[PDB]
């Protein structure tokens, strides 16, 4: 049996401001900081440890990991930062207020932008300042693999190679893995691990700052999964 722990980052500045974020590298709020710190304290209190962590190149996730490492006294473990765990790319929606966007385009339209498994939001223009081509985080990613927008299907396709090439081998090698990432990149892993349908996966919401534990068998198939902490509070 193996355990894999996942954690979604806590509140970001743009979560606070109700702005679509995607690949924009916004930071945590004080609240997001404390949620990270509390996840760490939960893991520590439950006696979890980790040999390695995986995170995105986005500091809201990485800072969340840092807080967890700090609270667990695991600041020395190897950390793999991969663009592959990035939040779903929100295209030209990135930075827009979500309430305002709905007002403008209607709930229906925005539903498709938010939830359509296979149809992405409107893309950035290539020359947009938000585009990823000049960003040192992505200097080594082939230009054609860099998104100007993504649907969850794209996000799944981009996440899974990191699982197959690096995380799965880690887990099989006996390493206790923490993955600190984002709502959609975690949704993508969960979709894969639990065989969730294209149809059902857009329904799964993952709470911020709550460790999500997967027990995996020898074939890396889930036996079960659970959140750590206050079940009643979580459920609410």
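Residue numbers count along the first chain shown, from 1.
K.L.:
On mean Cα temperature factor in this entry, is 114-122 or 72-80 the higher one?
P.N.:
Taking the mean C-alpha B-factor of 114-122 and of 72-80, the larger value falls to 114-122.
K.L.:
Between 93-101 and 132-140, which has the higher average C-alpha B-factor in the PDB entry?
P.N.:
If you average the C-alpha B-factors of 93-101 and of 132-140, the larger mean comes out for 93-101.
K.L.:
Report the option among 27, 35, 51, 200 whose CA atom has the maximum B-factor in the deposited record.
P.N.:
It is 200.
K.L.:
Which one, 190, 181, 206, 177, has the peak C-alpha temperature factor per the PDB entry?
P.N.:
By C-alpha B-factor in the record, 206 ranks first.
K.L.:
Of the three thirds of its chain by CA temperature factor, lowest, middle or highest, which one includes residue 145?
P.N.:
According to the entry, residue 145 has a C-alpha B-factor in the chain's highest third.
K.L.:
Going by the CA temperature factor in the PDB record, which third of the chain does residue 213 belong to: lowest, middle or highest?
P.N.:
For residue 213, the deposited C-alpha B-factor lands in the lowest third.
K.L.:
Would you check the entry's CA temperature factor for residue 173 and let me know if it's in the chain's lowest, middle or highest third?
P.N.:
It falls in the middle third of the chain.
K.L.:
Within this chain, which third does the Cα B-factor at residue 87 fall in: lowest, middle or highest?
P.N.:
As the PDB entry reports it, the C-alpha B-factor of residue 87 lands in the lowest third of its chain.
K.L.:
Taking the entry's C-alpha B-factors for this chain, is residue 196 in the lowest, middle or highest third?
P.N.:
According to the entry, residue 196 has a C-alpha B-factor in the chain's highest third.
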